[PDB]
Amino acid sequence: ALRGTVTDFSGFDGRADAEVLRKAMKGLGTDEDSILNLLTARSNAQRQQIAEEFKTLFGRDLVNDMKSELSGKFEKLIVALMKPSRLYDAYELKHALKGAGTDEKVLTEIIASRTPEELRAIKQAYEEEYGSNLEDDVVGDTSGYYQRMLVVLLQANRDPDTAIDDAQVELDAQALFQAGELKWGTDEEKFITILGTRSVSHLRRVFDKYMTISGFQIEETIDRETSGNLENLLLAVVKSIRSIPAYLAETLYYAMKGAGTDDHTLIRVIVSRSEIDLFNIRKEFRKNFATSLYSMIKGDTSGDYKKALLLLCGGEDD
């Protein structure tokens, strides 16, 4: 079902590749084309072996050399591509948090689209890497119901997917109805508990029944009822429950759609999902925005950046 765009190379020889990267960097200037062409053609696992061979062959650090050679968005793109899979999200998170300011958009985006299983792994990796607790870190950087919603999510405790209980679907839909529209003010607590812990197949049935019952889609009530970070967060959770590929295909679009471009987001989503479901994130992008992801990047990006990007994504028509 899920499908990425980048895969393992068939005739992979880590040693050969490491040499191609040395030549491409040795001497005056760089062959940014030889780098971008090689790296976006190997799975992330293979990129770790290549970086291994490079050290054992030349006693040099691949990532550090490139950090030295490449620049701007291309660097940032290659540097993110080199990051080990099990550590990238943890790396993006630790970076949204740190500093004086936080990037809630990253916290929301990562915490909402990632499955419980991935939330757990992301949690282990984060701790072993920066010697800190992810929760403790988020809690300390956020507040209000936004913080509570995140923490509920960080528990990666969401209920399991069993046969749907109708009476239970009705009870939950009616509960959300009374907690928002039929209430003077909002009972965010109920939204947080039901949205953050119920099983996926269940909540999907709850979204429909709630529409039937109120004439609204849960998304509109959320918008009518809430505001700020909690709003964006809850919209993010509802979207992912419906379809992560679609929710991510949507946040990518809004990164480019605007005049400029949010390269950070554009980079993060493509890289992070390249080997998970970037293929599906592609279909949902065409179906809902009429354009293929390809053509959209092709128009907003440039340089080797644009070249690497399009090769990771690929597929002109979607």
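Residue positions are given as counts along the sequence shown, with the first one as 1.
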- Task: Quick one: say whether 189-197 or 102-110 has the higher mean Cα B-factor in the deposited entry.
- Result: 102-110
- Note on the structure: When mean C-alpha B-factors in the record are compared for 172-180 and 88-96, the larger belongs to 88-96
- Item | Which of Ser227, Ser243, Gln217, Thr115 ranks first by CA B-factor in the deposited coordinates | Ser227
- Note on the structure: Note to self: of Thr56, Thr265, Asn280, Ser292, the C-alpha temperature factor tops out at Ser292
- Task: Could you look up the Cα B-factor of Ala255 in the entry and say which third of the chain it sits in: lowest, middle or highest?
- Result: highest
- Query: According to the PDB entry, is the CA B factor of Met25 in the bottom, middle or top third of its chain, that is, lowest, middle or highest?
  - Reply: highest
- Query: How does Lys239 rank on Cα B-factor within its chain, lowest, middle or highest third?
  - Reply: lowest
- Message: Please place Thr261 in the lowest, middle or highest third of its chain according to the CA B-factor in the PDB entry.
- Response: highest
- Query: Which third of the chain holds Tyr130 when residues are ordered by C-alpha B factor: lowest, middle or highest?
  - Reply: highest
